[PDB]
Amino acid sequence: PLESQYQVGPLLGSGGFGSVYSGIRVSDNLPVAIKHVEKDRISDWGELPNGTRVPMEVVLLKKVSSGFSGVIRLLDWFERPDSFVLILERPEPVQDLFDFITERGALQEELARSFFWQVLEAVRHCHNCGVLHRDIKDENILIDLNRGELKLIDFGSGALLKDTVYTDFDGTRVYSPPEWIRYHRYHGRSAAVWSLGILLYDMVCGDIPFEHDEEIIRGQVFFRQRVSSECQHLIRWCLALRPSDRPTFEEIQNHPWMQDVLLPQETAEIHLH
């Protein structure tokens, strides 16, 4: 019994992903996040190594489940008549990157470097596990404030990673690439790199670079804040109009701007404590 095992707390948020509550596992007092997803709102379904029909979100979370703390851990799940309930880990204290940037404004480059590197490691983990996130953005990144560790969350818009073209998308439009806007077609890795370019611009400028479809298609990057030449170069590279002109994850991590990254604990000591 789900109701027996967990003590429900406040609602942490709701939207396209469903409704997420703060919770406590009654057995060991472990902090958890309880996510409710309506069955009538689930368009992508999959199957587990045993053969049960579950939402794609559960399939993807199980594929990325490991000791690696860069991606949120699915602790358990339950089926109800009209919904699915996901028990997810909950860092404490925590703050999502959107709220962090809203509160603190544009981030110091040393902080953005540490955060961006951790996001890159989290996305590389997903891809290694055969999972494409499809909604990389500030709102889908939690900061574990004590450890300085970032956690990629919400696989509700995700898909199994494939090398062929994707012709469907239900992630965030302003983080979506020009090939999706113009042609309704994209390849997983190169679309992920575009979103990473939007995210990095967001970290160092305090806001996203493009609002309208026209701006995405033009892809002209204007820096509203003082940003180093190496960081601007990396951003402009990730935001190349042609998917084939975008860097690989290896090229991003070998970029001069990405050198001498702080450890997560060093990041918490300097910037979060």
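C-alpha atoms forming the largest set that superposes within 1.5 Å between two forms make up the rigid core. Just count from 1 along the sequence shown to find any residue number.
- RMS Cα deviation from the shown model in 4 other deposited structures of this protein, rigid core fit, is larger for 40-48 than for the other stretch of the pair 233-241 / 40-48.
- Taken in 4 other deposited structures of this protein and fitted on the core, 51-59 and 242-250 differ in how far their Cα atoms move from the shown form, and the one that moves more is 51-59.
- Looking at mean Cα B-factors across 38-46 and 235-243, the upper value is held by 38-46.
- Comparing 20-28 with 250-258, the stretch with the higher mean C-alpha B-factor in the PDB entry is 20-28.
- Of the candidates 139, 79, 135, 121, the PDB record gives 79 the highest C-alpha temperature factor.
- Among the modelled residues of its chain, residue 83 has a C-alpha B-factor that falls in the highest third according to the deposited record.
- Annotation for residue 154: C-alpha temperature factor in the lowest third relative to the rest of the modelled chain, per the entry.
- For residue 225, the recorded CA temperature factor ranks within the middle third of the chain's modelled residues.
- In this PDB entry, the Cα temperature factor of residue 58 sits in the middle third of its chain's modelled residues.
- The entry lists a Cα temperature factor for residue 187 that places it in the lowest third of the chain's modelled residues.
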